[PDB]
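K.L.:
Throughout the sequence shown, residue numbering follows the working numbering, covering 51 to 139 in sequence.
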Amino acid sequence: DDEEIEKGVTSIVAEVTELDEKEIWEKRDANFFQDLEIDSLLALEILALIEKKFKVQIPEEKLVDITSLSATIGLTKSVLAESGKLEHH
Ligand SMILES: [Zn+2]
Ligand SMILES: [Zn+2]
Ligand SMILES: [Zn+2]
Ligand SMILES: [Zn+2]
Ligand SMILES: [Zn+2]
Ligand SMILES: [Zn+2]
Ligand SMILES: [Zn+2]
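1. Would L125 pass as a contact of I55 if the rule is Cβ separation under 8 Å?
2. Taking the C-alpha atoms as reference points, what is the distance between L94 and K72?
3. If you drop the 5 nearest sequence neighbours on each side, which residues of the same chain put their C-beta closer than 7 Å to that of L91?
4. Under 7 Å: does the beta carbon of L94 sit that close to some heavy atom of ligand 6?
5. At which residues does the alpha helix (DSSP H) containing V114 begin and terminate?
6. How about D52: is its Cβ closer than 7 Å to a heavy atom in ligand 5?
7. Can you tell me the Cα-Cα spacing of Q107 and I96, whole angstroms?
Here it is as structure tokens:
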């Protein structure tokens, strides 16, 4: 589910980053690194929490490209479509 995925990924990134869900969403196209924090440890943690929410295996080596909220959402959608679990409109 499109809404469900975009909101779930937002919540996870908000947690890991200790930022507010509305701000992270407003900054959905910001670069994850430098432009506000998020390093390889935080990206690693984002990946792991997504691989718990949605029950989804993500070979854990994209973090270099877990690079914005919208990129991260897109990654989650791709992986959900691989798994036969995406309803996309
Ligand atoms: Zn619905
Ligand atoms: Zn949307
Ligand atoms: Zn803290
Ligand atoms: Zn708040
Ligand atoms: Zn966008
Ligand atoms: Zn660090
Ligand atoms: Zn896995």
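Just so you know, even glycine gets a beta-carbon here, dropped at the ideal spot from N, CA and C.
P.N.:
According to the data block:
1. no
2. 22 Å
3. none
4. no
5. Taken as a continuous stretch (DSSP letters only), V114 belongs to no alpha helix (DSSP H), as it is neither H nor E.
6. no
7. 13 Å
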